[PDB]
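Just query_28.tsv here, TSV, C-alpha atoms:
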```tsv
chain	number	residue	atom	x	y	z
A	3591	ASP	CA	18.31	10.21	-24.00
A	3592	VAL	CA	20.95	12.07	-26.10
A	3593	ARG	CA	18.68	11.36	-29.14
A	3594	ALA	CA	16.17	13.50	-27.27
A	3595	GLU	CA	18.88	15.99	-26.04
A	3596	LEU	CA	20.30	16.63	-29.57
A	3597	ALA	CA	16.73	17.53	-30.73
A	3598	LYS	CA	15.43	19.06	-27.38
A	3599	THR	CA	16.74	22.51	-28.41
A	3600	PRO	CA	19.11	23.86	-31.05
A	3601	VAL	CA	22.19	21.60	-30.39
A	3602	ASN	CA	23.56	22.16	-26.85
A	3603	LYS	CA	27.29	21.34	-26.83
A	3604	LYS	CA	28.64	21.18	-23.20
A	3605	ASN	CA	25.65	19.12	-22.06
A	3606	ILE	CA	25.74	16.80	-25.15
A	3607	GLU	CA	29.41	16.01	-24.33
A	3608	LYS	CA	28.55	15.58	-20.57
A	3609	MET	CA	26.36	12.66	-21.70
A	3610	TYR	CA	29.19	11.28	-23.87
A	3611	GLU	CA	31.40	11.54	-20.74
A	3612	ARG	CA	28.76	9.52	-18.82
A	3613	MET	CA	28.72	6.94	-21.65
A	3614	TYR	CA	32.47	6.62	-22.19
A	3615	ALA	CA	33.35	6.69	-18.48
A	3616	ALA	CA	30.83	3.86	-18.07
A	3617	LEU	CA	31.44	1.82	-21.24
A	3618	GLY	CA	34.25	3.35	-23.39
A	3619	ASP	CA	37.42	3.15	-21.18
A	3620	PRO	CA	38.98	-0.37	-20.58
A	3621	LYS	CA	40.85	0.99	-17.53
A	3622	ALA	CA	37.83	1.01	-15.23
A	3623	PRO	CA	38.19	0.50	-11.46
A	3624	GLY	CA	35.91	-2.52	-11.11
A	3625	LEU	CA	35.56	-3.76	-14.73
A	3626	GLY	CA	34.36	-7.36	-15.24
A	3627	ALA	CA	35.82	-9.66	-17.88
A	3628	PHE	CA	32.40	-10.13	-19.50
A	3629	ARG	CA	31.78	-6.34	-19.96
A	3630	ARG	CA	35.43	-5.89	-21.13
A	3631	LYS	CA	34.36	-7.85	-24.24
A	3632	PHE	CA	31.80	-5.23	-25.22
A	3633	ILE	CA	34.30	-2.41	-24.54
A	3634	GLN	CA	36.99	-3.96	-26.78
A	3635	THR	CA	34.42	-4.77	-29.48
A	3636	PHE	CA	32.82	-1.26	-29.61
A	3637	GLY	CA	34.78	1.42	-27.64
A	3638	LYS	CA	37.01	1.65	-30.72
A	3639	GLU	CA	34.01	2.43	-32.94
A	3640	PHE	CA	32.63	5.02	-30.50
A	3641	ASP	CA	35.89	6.86	-31.22
A	3642	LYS	CA	35.09	6.62	-35.01
A	3643	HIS	CA	31.32	7.03	-35.55
A	3644	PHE	CA	31.20	9.48	-32.68
A	3645	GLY	CA	34.50	11.20	-31.85
A	3646	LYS	CA	36.87	10.63	-28.97
A	3647	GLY	CA	35.46	13.16	-26.41
A	3648	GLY	CA	32.25	13.28	-28.58
A	3649	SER	CA	33.54	15.71	-31.29
A	3650	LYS	CA	31.50	14.20	-34.20
A	3651	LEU	CA	28.41	13.80	-31.94
A	3652	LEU	CA	28.76	17.46	-30.81
A	3653	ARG	CA	27.69	18.65	-34.35
A	3654	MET	CA	26.20	15.49	-36.04
A	3655	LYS	CA	22.44	15.69	-36.81
A	3656	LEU	CA	19.81	13.46	-35.24
A	3657	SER	CA	18.68	11.64	-38.42
A	3658	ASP	CA	22.33	10.46	-38.59
A	3659	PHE	CA	22.82	9.74	-34.84
A	3660	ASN	CA	19.56	7.75	-34.56
A	3661	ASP	CA	20.66	5.35	-37.34
A	3662	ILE	CA	24.32	5.35	-36.15
A	3663	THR	CA	23.16	4.05	-32.76
A	3664	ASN	CA	20.53	1.82	-34.38
A	3665	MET	CA	23.35	0.27	-36.46
A	3666	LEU	CA	25.51	-0.14	-33.32
A	3667	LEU	CA	22.61	-1.83	-31.47
A	3668	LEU	CA	21.64	-3.95	-34.53
A	3669	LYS	CA	25.19	-5.44	-34.28
A	3670	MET	CA	25.49	-5.47	-30.42
A	3671	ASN	CA	22.04	-7.12	-29.87
A	3672	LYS	CA	22.78	-9.63	-32.70
A	3673	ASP	CA	23.77	-12.10	-29.98
A	3674	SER	CA	25.38	-11.74	-26.51
A	3675	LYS	CA	25.30	-14.62	-23.98
A	3676	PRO	CA	24.71	-13.06	-20.53
A	3677	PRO	CA	27.45	-14.16	-18.06
A	3678	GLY	CA	26.74	-17.09	-15.75
A	3679	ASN	CA	28.73	-16.47	-12.57
A	3680	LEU	CA	30.08	-13.53	-10.52
```

Let me see the file written as structure tokens.
Amino acid sequence: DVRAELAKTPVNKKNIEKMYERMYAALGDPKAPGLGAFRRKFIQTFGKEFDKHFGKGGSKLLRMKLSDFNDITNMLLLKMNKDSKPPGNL
């Protein structure tokens, strides 16, 4: 959806970061209210790299071009989706 947003118009900063806020509030911060120990794994293994390939607060993503972002997130997913055993029990 940001891969559409970043190409929907000339790049639209406040809104592009609002989506990073959605993402990082969901899946970037380890200090979540009701975080599960399974999902914590993904956060530790990639929240770091969201700070690096994107910026903390989205700064790189706020200016980065879509041909880069597309393959940045493809690369992230190519290593996330590599394997990940879904949790068994609440």

Check your understanding: Contacts of residue 3635 of chain A at 12 Å or less, counting all atoms listed in the file, minus same-chain residues fewer than 5 places along, as number ranges by chain?
Key -> A: 3617-3620, 3628-3630, 3640-3641, 3666, 3669-3670, 3674

Check your understanding: Got a sec: who's within 12 Å of residue 3678 of chain A, counting only C-alpha atoms, leaving out chain neighbours fewer than 2 positions off, as a ChimeraX atom specification?
Key -> /A:3627-3628,3675-3676,3680

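For the pair atom CA of residue 3609 of chain A and atom CA of residue 3668 of chain A, the separation is 21.5 Å.
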
Work out where the centre of an axis-aligned box around every listed atom of segment 3631-3644 of chain A lies and how long its edges are once 5 Å is added on each side; give both in Å to one decimal as AutoDock Vina command-line options.
```
--center_x 34.1 --center_y 0.8 --center_z -29.9 --size_x 15.8 --size_y 27.3 --size_z 21.3
```

Check your understanding: Which residue, A:3673, A:3661, A:3607, A:3595, has the smallest gap to residue 3648 of chain A when you use all atoms listed in the file?
Key ->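 Nearest candidate to residue 3648 of chain A out of A:3673, A:3661, A:3607, A:3595: A:3607.
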
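Distance annotation: of A:3606, A:3662, A:3599, A:3624, the residue with the minimal separation from residue 3642 of chain A is A:3662; atom set is all atoms listed in the file.
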
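Between atom CA of residue 3614 of chain A and atom CA of residue 3639 of chain A the separation is 11.6 Å.
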
Exercise for review: List every protein, DNA or RNA residue that has at least one atom no more than 6 Å from (17.8, 10.4, -31.5) in the file's coordinates, counting only C-alpha atoms, and write the result as an NGL selection string.
Suggested key: :A and (3593-3594 or 3656 or 3660)

Check your understanding: If you measure from atom CA of residue 3637 of chain A to atom CA of residue 3655 of chain A, what distance in Å do you get, rounded to one decimal?
Key ->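 Interatomic distance here is 21.0 Å.
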
Study note, to complete from the structure: One residue among A:3631, A:3663, A:3658, A:3650 is nearest to residue 3603 of chain A when using all atoms listed in the file, and that residue is A:3650

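Proximity of A:3605, A:3610, A:3665, A:3622 to residue 3651 of chain A, computed with all atoms listed in the file, is greatest for A:3610.
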
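Of the residues under consideration (A:3591, A:3632, A:3597, A:3615), A:3615 shows the shortest atom-to-atom contact distance to residue 3646 of chain A when counting all atoms listed in the file.
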
Exercise for review: Find the residue from A:3613, A:3652, A:3633, A:3625 that sits nearest to residue 3601 of chain A; use all atoms listed in the file when measuring.
Suggested key: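 Closest to residue 3601 of chain A of all the choices is A:3652.
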